[PDB]
Structure formats: C-alpha cells, structure tokens
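Chemist: Below are the structure tokens for one structure; questions will follow.
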Amino acid sequence: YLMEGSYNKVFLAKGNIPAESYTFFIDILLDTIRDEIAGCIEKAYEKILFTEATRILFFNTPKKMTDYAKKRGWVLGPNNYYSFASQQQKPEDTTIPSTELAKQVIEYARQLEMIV
Amino acid sequence: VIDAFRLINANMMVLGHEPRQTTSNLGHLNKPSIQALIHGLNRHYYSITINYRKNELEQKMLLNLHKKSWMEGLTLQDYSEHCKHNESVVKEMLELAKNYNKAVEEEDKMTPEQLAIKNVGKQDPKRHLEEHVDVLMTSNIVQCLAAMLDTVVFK
C-alpha cells in the first residue's frame with residue numbers, strides 16, 4: 001500500500017493490528033507520511049480550500065494546521081491557497097551544451113584516425 | 001638534377017697515370033647514369049659532389065609558404081549548400097550499396113588467379129564506396145565544431 005499513492009488504506013490499517021499496539025512504529029510512519037504528503041501537494045495543483053486542505057491531511061482543525069503552514073510557506077488568501085509557481089528556470093540554455101558538445105565532438109575525432 | 005664537372009688533360013693518361021689521387025671513401029658514394037657515361041665523362045672530365053649551405057633564419061621564414069589568414073579558420077561554409085552536398089553524396093551511396101552484394105556473392109565461384117583481371121575492366125563497389133564515408137565524416141565533424149566555437153567566443 002505504501003509503495004504507491006494508496007494512503008487511505010494505510011491509515012485504516014493503522015488501527016488494525018492483530019499482534020499488539022505497535023504505536024511505536026506506526027507513529028513514526030504517521031509522521032513520515034505527513035511530511036511526504038506536505039511535500040507532494042506543493043506541485044499537484046494550483047489552489048486548495050482551507051477546509052479541504054485541513055481534511056485531506058488527516059489532522060483535524062487544531063492550531064496544528066496553522067503551524068504546519070507556518071513551518072512551510074502556504075500563504076493564505078480569502079479561503080485561498082496560492083500555488084508556488086516557477087518551473088521555467090532550466091530551459092533556453094545552450095552554453096553548457098555548447099561546451100560539452102565541443103568536448104564530445106573532440107572525443108569522436110580523437111579515436112578516429114590515430115592507431116589504436 | 002644538378003651536376004658539376006671539370007676537365008682533365010690527356011697528358012696524364014699518356015704517362016699512363018690517372019687523375020684524382022685518392023685517400024678517402026667519401027668520393028665514391030654515387031654512380032653515374034648510363035646516359036651520362038655514353039658521352040665522354042671519365043675519358044675527358046670528372047664530377048664533383050655538391051651540398052647545400054643553409055641557415056635557420058631563411059628556413060624559419062620560408063615555411064610561411066601557404067600559411068593563411070586567421071579569419072579563414074572561422075567560417076561556417078554556407079549552411080544552404082552543405083545539406084545539398086550531403087544528400088547528393090547519399091544517393092550514390094544508395095546506388096553503390098545495391099551493387100555491392102553481387103560482388104560479394106561472386107566472391108569464390110571462379111579461379112582467384114583471374115580475379116585481378118575481374119577488377120581491371122570494371123570499377124569495384126568496395127574500394128569506391130568508403131571514400132564517400134571519408135568525405136562525409138570529415139566534413140560533418142568540423143562543420144559542427146566550428147559552430148560551437150563561434151556560439152561561445154562571440155557574446
């Protein structure tokens with residue numbers, strides 16, 4: 001269940017252990033799921049509602065949501081969450097290509113006429 | 001073809017002597033041609049060895065022959081004719097490749113002694129093919145390197 005996005009079943013099973021409490025490890029698991037989902041939502045979509053954000057993450061409505069947003073950015077609006085948008089820095093570049101292409105072509109010609 | 005000569009007096013052979021009393025190997029390092037020897041040569045005149053006086057300065061300045069302007073090294077060869085030349089050459093590569101396998105199939109069905117003669121009248125695909133590969137690669141490498149150097153050295 002954990003290998004892919006299926007997470008509702010994970011939290012459902014966290015309350016189902018035939019052996020014992022196992023809170024010791026499922027705790028750590030809850031924390032490492034919270035932070036991962038917080039990281040993944042940063043790029044899934046442009047906007048979220050505050051109630052919807054509070055509910056998709058399994059915590060309720062405590063100051064915990066506010067604190068989690070504070071720990072990150074998640075600047076609010078009028079019941080609005082702004083998307084962090086950049087995704088355009090890398091493109092339109094040739095100089096590094098214009099150097100490593102030169103290296104590559106020199107390497108082609110290196111072992112082409114000299115006896116090997 | 002340069003040579004140097006000097007006369008000898010027939011008096012010396014009247015005595016029965018020969019000219020050029022000799023003390024060293026270094027005169028005999030060459031032989032005259034038959035054509036030079038039909039004419040008088042040793043029975044009338046004798047040759048002298050020659051060598052060339054040189055100094056470094058004139059050599060240092062003579063080797064400039066066929067050196068060329070720096071700017072010539074950075075030209076991009078008219079990108080519109082380049083592709084025309086390329087996909088002109090590829091066509092004869094086509095028509096030759098379709099003629100290669102016949103000469104591959106006939107590799108052994110006849111006496112190899114006459115196989116040399118099999119070349120003489122008729123061009124062979126194998127040797128005639130690879131010079132096109134040489135041309136294509138030599139051109140397309142440098143055409144690509146120069147563009148990179150330009151797109152870095154200016155702005």
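The way I read the labels, and the way they are meant: chains A, B, ... in the order of the structure tokens, residue 1 as the first residue of every chain, and ligand 1 as the first ligand shown, with later ones counted on from there.
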Starting from chain B, keep only residues with some atom at most 10 Å from an atom of chain A, counting only C-alpha atoms, and report them as a VMD selection string.

Modeler: chain B and resid 137 to 138 141 to 142 144 to 152

Chemist: For N, CA and C atoms, I'd like the residues from the last selection saved as an mmCIF file, in the first residue's frame.

Modeler:
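The result, stored in selection37.cif:
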```cif
data_model
loop_
_atom_site.group_PDB
_atom_site.id
_atom_site.type_symbol
_atom_site.label_atom_id
_atom_site.label_comp_id
_atom_site.auth_asym_id
_atom_site.auth_seq_id
_atom_site.Cartn_x
_atom_site.Cartn_y
_atom_site.Cartn_z
ATOM 1 N N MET B 137 32.266 12.126 -43.189
ATOM 2 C CA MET B 137 32.646 12.303 -41.796
ATOM 3 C C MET B 137 33.571 13.501 -41.629
ATOM 4 N N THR B 138 34.553 13.644 -42.526
ATOM 5 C CA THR B 138 35.488 14.757 -42.409
ATOM 6 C C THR B 138 34.761 16.090 -42.477
ATOM 7 N N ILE B 141 32.112 16.638 -39.208
ATOM 8 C CA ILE B 141 32.697 16.880 -37.890
ATOM 9 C C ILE B 141 33.054 18.352 -37.725
ATOM 10 N N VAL B 142 33.854 18.876 -38.650
ATOM 11 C CA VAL B 142 34.377 20.225 -38.493
ATOM 12 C C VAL B 142 33.263 21.258 -38.634
ATOM 13 N N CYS B 144 30.423 21.029 -37.485
ATOM 14 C CA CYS B 144 29.710 21.081 -36.221
ATOM 15 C C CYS B 144 30.559 21.697 -35.119
ATOM 16 N N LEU B 145 31.861 21.411 -35.108
ATOM 17 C CA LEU B 145 32.739 22.012 -34.103
ATOM 18 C C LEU B 145 32.798 23.534 -34.239
ATOM 19 N N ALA B 146 32.943 24.026 -35.475
ATOM 20 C CA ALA B 146 33.115 25.463 -35.674
ATOM 21 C C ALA B 146 31.925 26.248 -35.139
ATOM 22 N N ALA B 147 30.714 25.720 -35.317
ATOM 23 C CA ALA B 147 29.526 26.417 -34.837
ATOM 24 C C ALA B 147 29.547 26.576 -33.325
ATOM 25 N N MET B 148 30.006 25.553 -32.605
ATOM 26 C CA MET B 148 30.100 25.660 -31.154
ATOM 27 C C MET B 148 31.118 26.718 -30.750
ATOM 28 N N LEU B 149 32.309 26.665 -31.351
ATOM 29 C CA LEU B 149 33.310 27.668 -31.002
ATOM 30 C C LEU B 149 32.783 29.076 -31.243
ATOM 31 N N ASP B 150 32.114 29.297 -32.373
ATOM 32 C CA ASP B 150 31.515 30.603 -32.626
ATOM 33 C C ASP B 150 30.480 30.957 -31.567
ATOM 34 N N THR B 151 29.546 30.045 -31.287
ATOM 35 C CA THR B 151 28.498 30.331 -30.313
ATOM 36 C C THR B 151 29.003 30.425 -28.889
ATOM 37 N N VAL B 152 30.306 30.325 -28.653
ATOM 38 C CA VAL B 152 30.869 30.638 -27.347
ATOM 39 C C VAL B 152 31.753 31.878 -27.385
#
```

Chemist: Name the residues of chain A that come out as alpha helix (DSSP H) in a backbone DSSP run; write them as an mmCIF file with N, CA, C and O atoms, in the first residue's frame.

Modeler:
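part-v2.cif was written with the following content:
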```cif
data_model
loop_
_atom_site.group_PDB
_atom_site.id
_atom_site.type_symbol
_atom_site.label_atom_id
_atom_site.label_comp_id
_atom_site.auth_asym_id
_atom_site.auth_seq_id
_atom_site.Cartn_x
_atom_site.Cartn_y
_atom_site.Cartn_z
ATOM 1 N N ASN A 8 -5.252 5.987 2.101
ATOM 2 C CA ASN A 8 -6.406 5.817 2.976
ATOM 3 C C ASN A 8 -6.390 4.444 3.624
ATOM 4 O O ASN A 8 -6.669 4.305 4.821
ATOM 5 N N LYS A 9 -6.049 3.417 2.847
ATOM 6 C CA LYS A 9 -5.959 2.073 3.396
ATOM 7 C C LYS A 9 -4.865 1.980 4.448
ATOM 8 O O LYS A 9 -4.994 1.217 5.411
ATOM 9 N N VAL A 10 -3.792 2.759 4.294
ATOM 10 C CA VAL A 10 -2.714 2.748 5.281
ATOM 11 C C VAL A 10 -3.224 3.234 6.631
ATOM 12 O O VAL A 10 -2.996 2.601 7.670
ATOM 13 N N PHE A 11 -3.933 4.361 6.637
ATOM 14 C CA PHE A 11 -4.464 4.883 7.888
ATOM 15 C C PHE A 11 -5.566 3.995 8.445
ATOM 16 O O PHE A 11 -5.714 3.889 9.666
ATOM 17 N N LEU A 12 -6.357 3.365 7.575
ATOM 18 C CA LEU A 12 -7.356 2.419 8.059
ATOM 19 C C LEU A 12 -6.697 1.236 8.753
ATOM 20 O O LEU A 12 -7.159 0.788 9.808
ATOM 21 N N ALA A 13 -5.607 0.721 8.181
ATOM 22 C CA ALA A 13 -4.914 -0.412 8.778
ATOM 23 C C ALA A 13 -4.125 -0.026 10.020
ATOM 24 O O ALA A 13 -3.870 -0.889 10.867
ATOM 25 N N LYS A 14 -3.734 1.246 10.147
ATOM 26 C CA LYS A 14 -3.019 1.677 11.345
ATOM 27 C C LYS A 14 -3.818 1.432 12.615
ATOM 28 O O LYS A 14 -3.228 1.332 13.696
ATOM 29 N N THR A 23 2.173 1.068 18.379
ATOM 30 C CA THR A 23 2.178 2.515 18.216
ATOM 31 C C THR A 23 3.588 3.036 18.004
ATOM 32 O O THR A 23 3.772 4.058 17.329
ATOM 33 N N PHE A 24 4.583 2.286 18.480
ATOM 34 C CA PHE A 24 5.967 2.737 18.450
ATOM 35 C C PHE A 24 6.434 3.016 17.031
ATOM 36 O O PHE A 24 7.142 3.999 16.784
ATOM 37 N N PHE A 25 6.050 2.167 16.084
ATOM 38 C CA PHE A 25 6.490 2.306 14.704
ATOM 39 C C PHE A 25 5.449 2.971 13.820
ATOM 40 O O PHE A 25 5.805 3.772 12.948
ATOM 41 N N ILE A 26 4.166 2.665 14.026
ATOM 42 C CA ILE A 26 3.140 3.290 13.209
ATOM 43 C C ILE A 26 3.105 4.785 13.467
ATOM 44 O O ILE A 26 2.668 5.552 12.605
ATOM 45 N N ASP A 27 3.587 5.229 14.628
ATOM 46 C CA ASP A 27 3.730 6.655 14.895
ATOM 47 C C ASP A 27 4.684 7.288 13.888
ATOM 48 O O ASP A 27 4.285 8.158 13.101
ATOM 49 N N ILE A 28 5.963 6.922 13.982
ATOM 50 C CA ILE A 28 6.989 7.282 13.008
ATOM 51 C C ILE A 28 6.446 7.225 11.586
ATOM 52 O O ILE A 28 6.722 8.109 10.765
ATOM 53 N N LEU A 29 5.665 6.184 11.288
ATOM 54 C CA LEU A 29 5.058 6.075 9.966
ATOM 55 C C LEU A 29 4.105 7.231 9.695
ATOM 56 O O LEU A 29 4.109 7.806 8.602
ATOM 57 N N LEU A 30 3.294 7.596 10.686
ATOM 58 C CA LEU A 30 2.369 8.709 10.506
ATOM 59 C C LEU A 30 3.120 10.003 10.244
ATOM 60 O O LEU A 30 2.728 10.803 9.386
ATOM 61 N N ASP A 31 4.216 10.215 10.965
ATOM 62 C CA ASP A 31 4.993 11.437 10.782
ATOM 63 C C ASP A 31 5.626 11.483 9.392
ATOM 64 O O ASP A 31 5.562 12.509 8.690
ATOM 65 N N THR A 32 6.236 10.372 8.978
ATOM 66 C CA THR A 32 6.882 10.307 7.677
ATOM 67 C C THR A 32 5.884 10.238 6.531
ATOM 68 O O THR A 32 6.292 10.331 5.370
ATOM 69 N N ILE A 33 4.601 10.055 6.821
ATOM 70 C CA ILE A 33 3.579 10.218 5.793
ATOM 71 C C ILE A 33 3.091 11.657 5.724
ATOM 72 O O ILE A 33 2.865 12.193 4.634
ATOM 73 N N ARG A 34 2.936 12.299 6.885
ATOM 74 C CA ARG A 34 2.526 13.698 6.913
ATOM 75 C C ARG A 34 3.501 14.564 6.133
ATOM 76 O O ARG A 34 3.097 15.352 5.266
ATOM 77 N N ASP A 35 4.798 14.428 6.423
ATOM 78 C CA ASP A 35 5.764 15.305 5.765
ATOM 79 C C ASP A 35 5.835 15.020 4.268
ATOM 80 O O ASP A 35 5.972 15.944 3.455
ATOM 81 N N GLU A 36 5.713 13.748 3.884
ATOM 82 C CA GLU A 36 5.762 13.402 2.470
ATOM 83 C C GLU A 36 4.567 13.967 1.715
ATOM 84 O O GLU A 36 4.716 14.469 0.595
ATOM 85 N N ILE A 37 3.370 13.885 2.297
ATOM 86 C CA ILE A 37 2.206 14.445 1.619
ATOM 87 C C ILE A 37 2.320 15.960 1.536
ATOM 88 O O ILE A 37 1.931 16.575 0.533
ATOM 89 N N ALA A 38 2.843 16.588 2.592
ATOM 90 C CA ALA A 38 3.060 18.029 2.542
ATOM 91 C C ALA A 38 4.007 18.395 1.410
ATOM 92 O O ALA A 38 3.812 19.407 0.728
ATOM 93 N N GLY A 39 5.037 17.579 1.192
ATOM 94 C CA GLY A 39 5.938 17.830 0.080
ATOM 95 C C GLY A 39 5.287 17.604 -1.273
ATOM 96 O O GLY A 39 5.546 18.343 -2.227
ATOM 97 N N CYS A 40 4.435 16.586 -1.377
ATOM 98 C CA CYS A 40 3.862 16.246 -2.674
ATOM 99 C C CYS A 40 2.775 17.219 -3.105
ATOM 100 O O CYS A 40 2.637 17.492 -4.302
ATOM 101 N N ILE A 41 1.999 17.751 -2.160
ATOM 102 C CA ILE A 41 0.931 18.678 -2.516
ATOM 103 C C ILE A 41 1.454 19.997 -3.060
ATOM 104 O O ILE A 41 0.692 20.764 -3.655
ATOM 105 N N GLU A 42 2.747 20.267 -2.891
ATOM 106 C CA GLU A 42 3.351 21.521 -3.319
ATOM 107 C C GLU A 42 3.339 21.705 -4.833
ATOM 108 O O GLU A 42 3.658 22.798 -5.312
ATOM 109 N N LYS A 43 2.932 20.696 -5.600
ATOM 110 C CA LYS A 43 3.054 20.782 -7.049
ATOM 111 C C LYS A 43 1.910 20.067 -7.751
ATOM 112 O O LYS A 43 1.805 20.113 -8.980
ATOM 113 N N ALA A 44 1.060 19.387 -6.984
ATOM 114 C CA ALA A 44 -0.075 18.701 -7.587
ATOM 115 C C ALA A 44 -1.040 19.683 -8.246
ATOM 116 O O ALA A 44 -1.416 19.502 -9.409
ATOM 117 N N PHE A 50 -9.170 25.925 2.428
ATOM 118 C CA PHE A 50 -8.533 25.693 3.720
ATOM 119 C C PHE A 50 -9.178 24.522 4.449
ATOM 120 O O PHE A 50 -8.476 23.685 5.027
ATOM 121 N N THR A 51 -10.507 24.428 4.411
ATOM 122 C CA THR A 51 -11.174 23.273 4.999
ATOM 123 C C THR A 51 -10.768 21.993 4.285
ATOM 124 O O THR A 51 -10.482 20.971 4.926
ATOM 125 N N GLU A 52 -10.733 22.032 2.952
ATOM 126 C CA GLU A 52 -10.368 20.849 2.185
ATOM 127 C C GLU A 52 -8.932 20.443 2.473
ATOM 128 O O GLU A 52 -8.629 19.251 2.589
ATOM 129 N N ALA A 53 -8.027 21.418 2.574
ATOM 130 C CA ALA A 53 -6.643 21.096 2.900
ATOM 131 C C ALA A 53 -6.552 20.474 4.283
ATOM 132 O O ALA A 53 -5.816 19.503 4.492
ATOM 133 N N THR A 54 -7.295 21.027 5.242
ATOM 134 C CA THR A 54 -7.253 20.509 6.601
ATOM 135 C C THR A 54 -7.796 19.093 6.671
ATOM 136 O O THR A 54 -7.359 18.304 7.513
ATOM 137 N N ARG A 55 -8.758 18.759 5.813
ATOM 138 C CA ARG A 55 -9.354 17.430 5.866
ATOM 139 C C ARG A 55 -8.618 16.386 5.034
ATOM 140 O O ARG A 55 -8.576 15.218 5.437
ATOM 141 N N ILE A 56 -8.032 16.754 3.890
ATOM 142 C CA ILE A 56 -7.291 15.760 3.117
ATOM 143 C C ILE A 56 -6.107 15.260 3.926
ATOM 144 O O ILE A 56 -5.831 14.056 3.973
ATOM 145 N N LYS A 63 -4.689 24.101 16.023
ATOM 146 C CA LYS A 63 -3.677 25.042 15.576
ATOM 147 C C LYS A 63 -2.585 24.325 14.798
ATOM 148 O O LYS A 63 -1.690 24.983 14.257
ATOM 149 N N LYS A 64 -2.653 22.990 14.739
ATOM 150 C CA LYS A 64 -1.642 22.191 14.062
ATOM 151 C C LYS A 64 -1.589 22.512 12.578
ATOM 152 O O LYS A 64 -0.507 22.553 11.987
ATOM 153 N N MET A 65 -2.749 22.722 11.952
ATOM 154 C CA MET A 65 -2.756 23.116 10.549
ATOM 155 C C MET A 65 -2.040 24.444 10.367
ATOM 156 O O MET A 65 -1.211 24.604 9.460
ATOM 157 N N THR A 66 -2.386 25.423 11.201
ATOM 158 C CA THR A 66 -1.738 26.724 11.127
ATOM 159 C C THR A 66 -0.232 26.573 11.270
ATOM 160 O O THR A 66 0.540 27.153 10.502
ATOM 161 N N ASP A 67 0.198 25.768 12.243
ATOM 162 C CA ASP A 67 1.623 25.585 12.494
ATOM 163 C C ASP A 67 2.301 24.894 11.322
ATOM 164 O O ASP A 67 3.444 25.215 10.986
ATOM 165 N N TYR A 68 1.629 23.918 10.712
ATOM 166 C CA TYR A 68 2.207 23.235 9.564
ATOM 167 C C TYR A 68 2.391 24.203 8.409
ATOM 168 O O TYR A 68 3.426 24.187 7.732
ATOM 169 N N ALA A 69 1.397 25.060 8.172
ATOM 170 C CA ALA A 69 1.540 26.066 7.127
ATOM 171 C C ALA A 69 2.681 27.018 7.456
ATOM 172 O O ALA A 69 3.452 27.410 6.573
ATOM 173 N N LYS A 70 2.803 27.396 8.730
ATOM 174 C CA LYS A 70 3.878 28.286 9.153
ATOM 175 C C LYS A 70 5.236 27.646 8.914
ATOM 176 O O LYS A 70 6.182 28.313 8.478
ATOM 177 N N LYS A 71 5.347 26.349 9.201
ATOM 178 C CA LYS A 71 6.601 25.633 9.016
ATOM 179 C C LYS A 71 7.029 25.655 7.559
ATOM 180 O O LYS A 71 8.227 25.666 7.256
ATOM 181 N N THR A 95 24.921 27.259 -23.453
ATOM 182 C CA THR A 95 26.354 27.430 -23.212
ATOM 183 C C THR A 95 26.983 26.167 -22.631
ATOM 184 O O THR A 95 28.041 25.720 -23.091
ATOM 185 N N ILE A 96 26.357 25.585 -21.606
ATOM 186 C CA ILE A 96 26.832 24.301 -21.087
ATOM 187 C C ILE A 96 26.720 23.232 -22.159
ATOM 188 O O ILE A 96 27.663 22.436 -22.321
ATOM 189 N N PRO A 97 25.620 23.130 -22.904
ATOM 190 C CA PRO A 97 25.649 22.285 -24.101
ATOM 191 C C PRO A 97 26.722 22.714 -25.077
ATOM 192 O O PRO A 97 27.405 21.862 -25.646
ATOM 193 N N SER A 98 26.927 24.017 -25.255
ATOM 194 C CA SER A 98 27.919 24.470 -26.220
ATOM 195 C C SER A 98 29.343 24.130 -25.807
ATOM 196 O O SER A 98 30.248 24.216 -26.642
ATOM 197 N N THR A 99 29.566 23.751 -24.552
ATOM 198 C CA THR A 99 30.870 23.273 -24.112
ATOM 199 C C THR A 99 30.965 21.752 -24.138
ATOM 200 O O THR A 99 31.956 21.191 -24.629
ATOM 201 N N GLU A 100 29.945 21.058 -23.631
ATOM 202 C CA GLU A 100 30.080 19.610 -23.567
ATOM 203 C C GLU A 100 29.888 18.970 -24.939
ATOM 204 O O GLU A 100 30.458 17.907 -25.198
ATOM 205 N N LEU A 101 29.147 19.613 -25.844
ATOM 206 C CA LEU A 101 29.140 19.179 -27.235
ATOM 207 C C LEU A 101 30.525 19.293 -27.853
ATOM 208 O O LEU A 101 30.944 18.417 -28.617
ATOM 209 N N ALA A 102 31.238 20.380 -27.561
ATOM 210 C CA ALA A 102 32.595 20.512 -28.077
ATOM 211 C C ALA A 102 33.482 19.397 -27.551
ATOM 212 O O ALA A 102 34.244 18.779 -28.310
ATOM 213 N N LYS A 103 33.373 19.109 -26.255
ATOM 214 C CA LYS A 103 34.131 18.001 -25.682
ATOM 215 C C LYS A 103 33.794 16.691 -26.383
ATOM 216 O O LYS A 103 34.687 15.908 -26.730
ATOM 217 N N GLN A 104 32.505 16.453 -26.623
ATOM 218 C CA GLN A 104 32.058 15.200 -27.218
ATOM 219 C C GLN A 104 32.556 15.041 -28.651
ATOM 220 O O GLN A 104 32.979 13.950 -29.051
ATOM 221 N N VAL A 105 32.510 16.111 -29.443
ATOM 222 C CA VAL A 105 32.967 16.015 -30.825
ATOM 223 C C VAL A 105 34.476 15.820 -30.875
ATOM 224 O O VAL A 105 34.998 15.054 -31.704
ATOM 225 N N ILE A 106 35.206 16.495 -29.986
ATOM 226 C CA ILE A 106 36.642 16.257 -29.910
ATOM 227 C C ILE A 106 36.909 14.801 -29.567
ATOM 228 O O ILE A 106 37.827 14.174 -30.110
ATOM 229 N N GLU A 107 36.093 14.232 -28.677
ATOM 230 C CA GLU A 107 36.266 12.830 -28.319
ATOM 231 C C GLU A 107 35.985 11.912 -29.502
ATOM 232 O O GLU A 107 36.671 10.899 -29.680
ATOM 233 N N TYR A 108 34.981 12.244 -30.318
ATOM 234 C CA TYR A 108 34.739 11.470 -31.534
ATOM 235 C C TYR A 108 35.973 11.451 -32.415
ATOM 236 O O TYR A 108 36.442 10.388 -32.833
ATOM 237 N N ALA A 109 36.509 12.629 -32.714
ATOM 238 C CA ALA A 109 37.647 12.687 -33.621
ATOM 239 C C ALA A 109 38.915 12.102 -33.019
ATOM 240 O O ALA A 109 39.824 11.743 -33.770
ATOM 241 N N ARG A 110 39.011 12.030 -31.691
ATOM 242 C CA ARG A 110 40.221 11.516 -31.060
ATOM 243 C C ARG A 110 40.571 10.128 -31.580
ATOM 244 O O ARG A 110 41.607 9.929 -32.222
ATOM 245 N N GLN A 111 39.707 9.157 -31.316
ATOM 246 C CA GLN A 111 39.962 7.760 -31.660
ATOM 247 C C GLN A 111 39.385 7.386 -33.023
ATOM 248 O O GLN A 111 38.751 6.353 -33.203
ATOM 249 N N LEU A 112 39.654 8.221 -34.011
ATOM 250 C CA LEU A 112 39.144 8.003 -35.358
ATOM 251 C C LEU A 112 40.239 7.824 -36.391
ATOM 252 O O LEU A 112 40.087 7.012 -37.305
ATOM 253 N N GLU A 113 41.330 8.568 -36.284
ATOM 254 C CA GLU A 113 42.434 8.457 -37.223
ATOM 255 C C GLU A 113 43.718 7.951 -36.590
ATOM 256 O O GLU A 113 44.552 7.384 -37.300
#
```

Chemist: Leaving out residue 48 (chain B) and any residue of its chain fewer than 4 positions from it, which residues lie within 8 Å of it when counting only C-alpha atoms, given as a PyMOL selection string?

Modeler: chain B and resi 3-6

Chemist: What does the distance from CA of residue 80 (chain B) to CA of residue 67 (chain B) come to in Å, to one decimal?

Modeler: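 For CA of residue 80 (chain B) relative to CA of residue 67 (chain B), the distance reads 28.1 Å.
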
Chemist: Out of A:116, A:45, A:57, A:1, which residue has the shortest atom-to-atom distance to residue 81 (chain A) when counting only C-alpha atoms?

Modeler: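 Smallest separation from residue 81 (chain A) among the options: A:45.
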
Chemist: For residue 90 (chain B), work out the shell of residues within 12 Å, counting only C-alpha atoms and skipping chain neighbours fewer than 3 positions away, then give it as a list in words.

Modeler: residues 83, 84, 85, 86, 87, 93, 94, 95, 96, 97, 129, 132, 133, 135 and 136 of chain B

Chemist: Write out as number ranges by chain all residues of chain B that DSSP puts in strand (DSSP E or B) for this structure's backbone.

Modeler: B: 5-7, 45-47

Chemist: Quick one: distance from CA of residue 139 (chain B) to CA of residue 126 (chain B) in Å, one decimal?

Modeler: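 Separation of CA of residue 139 (chain B) and CA of residue 126 (chain B): 21.2 Å.
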
Chemist: So the first atom is CA of residue 21 (chain A) and the second is CA of residue 7 (chain A); what is the distance between them in Å, to one decimal place?

Modeler: 19.9 Å
